[PDB]
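Trainee: Protein chains in written order, with the deposited numbering: chain B, 32 to 133, 144 to 153; chain B', 32 to 133, 144 to 153; chain A, 36 to 361; chain A', 36 to 361. A prime marks a further copy of an entry chain.
For every residue, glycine included, the Cβ atom is placed at its ideal position computed from N, Cα and C.
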Ligand SMILES: NC(=O)c1ccc[n+]([C@@H]2O[C@H](COP(=O)([O-])OP(=O)(O)OC[C@H]3O[C@@H](n4cnc5c(N)ncnc54)[C@H](OP(=O)(O)O)[C@@H]3O)[C@@H](O)[C@H]2O)c1
Ligand SMILES: NC(=O)c1ccc[n+]([C@@H]2O[C@H](COP(=O)([O-])OP(=O)(O)OC[C@H]3O[C@@H](n4cnc5c(N)ncnc54)[C@H](OP(=O)(O)O)[C@@H]3O)[C@@H](O)[C@H]2O)c1
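1) Between the segment 178–186 of chain A' and the segment 310–326 of chain A', do three or more beta carbon pairs fall short of 8 Å?
2) Flag residue 189 of chain A as yes when its Cβ comes closer than 7 Å to any non-hydrogen atom of ligand 1, and as no otherwise.
3) Can you round the beta-carbon distance between residue 359 of chain A and residue 146 of chain A to whole angstroms, since I take them to be within the 8 Å contact cut?
4) For residue 355 of chain A, tell me which candidate among A/251, A/342, A/302 has the shortest Cα-Cα distance.
5) Provide the residue span of the beta strand (DSSP E) that contains residue 39 of chain B', from first to last.
6) Quick one: is residue 196 of chain A buried, meaning 16 or more other Cβ sit within 10 Å of its Cβ, or exposed?
7) Let me check understanding here. Comparing Cα to Cα, which of A/332, A/317, A/299, A/46 lies closest to residue 163 of chain A'?
8) Cβ of residue 126 of chain B' within 8 Å of Cβ of residue 89 of chain B'?
9) Is there a C-beta anywhere in chain B that falls below 8 Å from the one on residue 118 of chain B'?
10) If you drop the 5 nearest sequence neighbours on each side, which residues of the same chain put their C-beta closer than 6 Å to that of residue 57 of chain A?
11) Under a Cβ-count criterion, where at least 16 other Cβ atoms within 10 Å of its own Cβ denotes burial, should residue 86 of chain A' be classed as buried or exposed?
12) Report the residue from A/159, A/170, A/96, A/80 whose alpha carbon sits nearest the alpha carbon of residue 331 of chain A.
13) What are the boundary residues of the beta strand (DSSP E) that residue 141 of chain A' is part of?
14) Can you check whether the C-beta of residue 43 of chain B is within less than 8 Å of a C-beta belonging to chain A?
15) Report, in whole angstroms, the separation of the C-beta atoms of residue 310 of chain A and residue 219 of chain A, which I expect to be a contact under 8 Å.
16) Check the Cβ-Cβ distances between residue 38 of chain B' and every residue of chain A', and say whether any is below 8 Å.
17) Grab me the residues of residue 49 of chain B's own chain with a C-beta within less than 7 Å of its C-beta, minus the 5 sequence neighbours each way, in chain order.
18) Please tell me whether, using a cut-off of 7 Å, the distance from the CB of residue 210 of chain A to the nearest non-hydrogen atom of ligand 1 is below it.
19) At a cut-off of 7 Å, would you count residue 311 of chain A as near ligand 2, judging by its Cβ distance to the nearest heavy atom?
20) Excluding the five sequence neighbours on either side, which residues of its own chain have a C-beta within less than 6 Å of the C-beta of residue 85 of chain B', listed in chain order?
21) Quick one: which chain B residues come within Cβ less than 8 Å of residue 102 of chain B'?
22) Go ahead and label residue 76 of chain A' buried or exposed: buried means 16 or more other beta carbons lie within 10 angstroms of its beta carbon, across all protein chains shown.
23) So, with DSSP's three-state summary, where would you put residue 361 of chain A?
24) Kindly indicate the opening and closing residues of the alpha helix (DSSP H) around residue 98 of chain A'.
25) Using 10 angstroms around the beta-carbon of residue 129 of chain A', count the other beta-carbons present and answer buried if the total reaches 16, otherwise exposed.
26) Please report the distance separating the alpha-carbon of residue 335 of chain A' from that of residue 107 of chain A.
27) In terms of residues, what are the limits of the beta strand (DSSP E) holding residue 182 of chain A'?
28) Considering only residues of the same chain and omitting the five flanking positions on each side of residue 343 of chain A, which have a CB-CB separation below 7 Å?
29) Quick check on residue 144 of chain B: does DSSP put it in helix, strand or coil?
30) Can you list, in chain order, the residues of its chain whose CB lies under 8 Å from that of residue 103 of chain B, leaving out five sequence neighbours each side?
31) Relative to the C-alpha of residue 294 of chain A, which candidate in A/174, A/136, A/350, A/279 has its C-alpha closest?
32) The segment 97–116 of chain A: which residues have C-beta closer than 9 Å to a C-beta of chain A', in chain order?
33) Take residue 271 of chain A' as the anchor and find which of A'/172, A'/259, A'/281 has the nearest alpha-carbon.
34) May I ask you to list the residues that DSSP assigns as paired with residue 239 of chain A?
35) Tell me, please, which residues DSSP counts as bridged to residue 77 of chain B'.
36) Taking the alpha carbon of residue 208 of chain A' as the point to measure from, which residue in A'/235, A'/304, A'/71, A'/172 has its own alpha carbon closest?
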């Protein structure tokens, strides 16, 4: 129930620690991983990254699986943020599937 | 690593000084240029300008080149904000290219 | 290696060791002995001296307060700490309410004959007082000039972190340190929960009972020696756990650790004290002593700290067999 | 042009010149001389008088404190400043911790026999104390009535700006001024880094050593004169840099600057002092003096300030050849 403040380039995000601990594999779910981004003067985790993308990232913890790219965020930018927050290979391939993405004879099999 | 607070008509933006110093030619990259907008009472730079446009401007520093107009910002309004923040002629023409934009005989060559 | 180290992130410089006034000052030992112990500890570089309003019903601070005034030591050279909780038999004289924090610290300063302690501590968590009320009171007594800093004792990491998150909420002063028990038989807290706070919010650890009230010294392997900590009145609880079946297996492991002490050219108490200082989160170790011989022996643990290699540490963690699962 | 100028953006009005108590007060010169220098400086309009808790182990403030009380000057007319850091040989008696900032300033006020200094300074940056702790302590001693303002000395622009950004974070009092060395042979800091802060956050500069402890005066062109700053005990370090090969090229450039001094109808010390005041960031220059003749000569630099045109300034910047690359 411990509150966690996440600062995204000035945009404030708050949640319960149990919501981020629901996925202990990701960045914000691993306390040792997110340690490098903590601000002990404001009691928050600061990230100098894209702002419109984090609505769906923090909702991936609240919903517990749903990862829907926002309609105003480009496809490449949102996909590169999933790599940074380390949501997992299972949720990444589900995002592509949800978006729409599925010697003696080795040289003769190349020119044919 | 010095933090910089940018106030856009009430919308709060935070970043690291090294991110804005990545492009020393622009407004926010030149300390003498952004000096006229500093608020010594709040320790922030205030701009009385458009708010939805600055998401992509500050991301142009974080991504280090990418300048994508937001889907909800008009084309003319966003393009006039790039002139104010002075992102450079190279990034401006890349934005148009990304958006979709490419005497004895001088008078006789006019009516023909 | 380094003697003086910062108490947590704060700029308060304390020695790696310190003299406590529990049981002894104003109680077990005479006041003439208490002066001799402080003079020895102070002349050996120790500046951190710890007390509480509950020890000898305040007679510990009276003793500690007289030694400081008798010796005429520069107040700027001493780091005096007191713990507030059990300040009387009445209902409003225990806990961490705004009333008792102020009244109790003002009473402790009166006995100590000092204008201010360097750090005021919460002796244990008080679930009957809201965290905001306790942080505001601790911040209050700091701004009034009664304390330079404030810390916690016996608090959990969740309770310590809350006092920080409440201090940041109301622009107050967060706690800088945490007192937790830490010896060779009590190591779960200082090695698992506290290290995360020393890096997240920078709360240092001022460990207490490095020899488990003398059990790790190995004097109870035969029986209960006279004039010991177990033979004293009101400490039957200690004599129970020493003569218990669980307490006998502790003494059995001391024989194996005794070999390491003689191998490293030191005593068994010096090994366990230096063994506590091997962490970065441990900002200081509060030593106990009932005579000059015990205190001067315990100070010798500084020399044992370099001899503690990963080979020796893992050998001790194998003899004890209580390394906490991280 | 104008004599009194605001120390930074703040409303504190200080004279463009001031009297320091380093080396001299309570040390080099007698106390009878120190009274004569303050009386001359105070009767000449100077109100800024600077000291520190380290000069003569506090005997400088004792002297300065007695002159103020002996002369009976209105406290509202004086601008007394002290610097806190080296307040004793103990471990807890140096640095910028909450403990020593309060203890050190309270001790300085005791020696000065004053209720409060006008500005309390951090004599140098303390990397062993968190910035939040130092700003809170400096804000604390201001609200307690021990200081009107607080500033830094020997801090970098990054460290000064952090104390501002931390003060804005916790609604505290930011620093108003910065003491930095500035003479004709040390000009990189006050002309490059500090001017940005005077416009961004409005931190003024109180420069010190305008004559490089007397080197720019030109008295060391032959040897080490007796009764000089280089001949004194404990200042062998100055005699080393004066008689060094690098220190001899400094004296060689003084001959060319000596021509400019006689050309402008002034002395060489008056030129270098007025040369320091030519900036907008320089809010005041702290003068040194071991006798009435030196002090009354240094005050004459106010008349040389108008004579300093861009022709004369660029001529000096060509003789020195050390104009910092902006
Ligand atoms: N957070 C808290 O509430 C809390 C709790 C406990 C302690 N503390 C702090 O810790 C300090 C001391 O704790 P502690 O007494 O538990 O220390 P300890 O090291 O665990 O035990 C000290 C006891 O061991 C014996 N001893 C002392 N010196 C010795 C030596 N050189 N060789 C062999 N045995 C020796 C003495 O008992 P004999 O009388 O039998 O010789 C002494 O009372 C207190 O003053 C207090 O400041 C704080
Ligand atoms: N931020 C800091 O920590 C810091 C550091 C240094 C200084 N300060 C401040 O600066 C003040 C003075 O600094 P400073 O002594 O370096 O001043 P300075 O102008 O650089 O040197 C002064 C020295 O020059 C000589 N002198 C004095 N008057 C003279 C004159 N009219 N003609 C020729 N030579 C003369 C004197 O030395 P002789 O004894 O040889 O005559 C005097 O001690 C101190 O009181 C202190 O407040 C602050």
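Mentor: In short:
1) These segments do not touch.
2) Checking the Cβ of residue 189 of chain A against ligand 1 gives yes.
3) Contact annotation, residue 359 of chain A with residue 146 of chain A: C-beta distance approximately 38 Å; criterion of less than 8 Å not satisfied.
4) If we check each option's Cα against that of residue 355 of chain A, A/251 comes out closest.
5) Start and end: 34–39.
6) In summary, residue 196 of chain A is buried, with 16 or more beta-carbon neighbours lying within 10 Å of its beta-carbon over all protein chains present.
7) The candidate whose alpha carbon is nearest that of residue 163 of chain A' is A/46.
8) Taking 8 Å as the Cβ cut-off, residue 126 of chain B' and residue 89 of chain B' do not qualify as a contacting pair.
9) No, its Cβ sits nowhere closer than 8 Å to a Cβ of chain B.
10) Cβ within range, chain order: 90.
11) Counting every other CB atom within 10 Å of its CB across the protein chains shown gives residue 86 of chain A' a total of 16 or more, marking it as buried.
12) Of the candidates A/159, A/170, A/96, A/80, the one whose C-alpha sits nearest the C-alpha of residue 331 of chain A is A/80.
13) Premise fails: residue 141 of chain A' lies in the alpha helix (DSSP H), 133–147, not in any beta strand (DSSP E).
14) For residue 43 of chain B, the answer is no, since every Cβ of chain A falls outside 8 Å of its Cβ.
15) In this structure, residue 310 of chain A and residue 219 of chain A form a Cβ contact; the two beta carbons are roughly 6 Å apart against a cut-off of 8 Å.
16) Answer no: the Cβ-Cβ gap between residue 38 of chain B' and chain A' never drops below 8 Å.
17) Closer than 7 Å at Cβ, skipping near neighbours: 32.
18) For ligand 1, no non-hydrogen atom lies closer than 7 Å to the CB of residue 210 of chain A.
19) Within the chosen limit of 7 Å, ligand 2 does not reach the beta carbon of residue 311 of chain A with any heavy atom.
20) Excluding positions up to five away in sequence, the list reads 39.
21) Residues of chain B passing the Cβ test: 102, 103.
22) So residue 76 of chain A' ends up on the buried side.
23) Coil at residue 361 of chain A, not helix or strand.
24) For residue 98 of chain A', the enclosing alpha helix (DSSP H) starts and ends at 94–106.
25) The residue is buried, with at least 16 neighbouring Cβ atoms inside 10 Å.
26) Within the model, the alpha-carbon separation for residue 335 of chain A' versus residue 107 of chain A is close to 50 Å.
27) Start and end: 182–188.
28) Only 309, 310, 313 meet the Cβ criterion.
29) If DSSP states are grouped into helix, strand and coil, residue 144 of chain B belongs with coil.
30) The answer, listed in chain order, is 83.
31) It is A/350 whose Cα lies nearest to the Cα of residue 294 of chain A.
32) So the close ones are 109, 110, 111, 112, 113, 114.
33) Among A'/172, A'/259, A'/281, the Cα nearest to that of residue 271 of chain A' belongs to A'/259.
34) Partner(s): A/212.
35) For residue 77 of chain B', which the question treats as bridged, DSSP gives the partners B'/38.
36) The alpha carbon of residue 208 of chain A' has as its nearest neighbour, out of A'/235, A'/304, A'/71, A'/172, the alpha carbon of A'/172.
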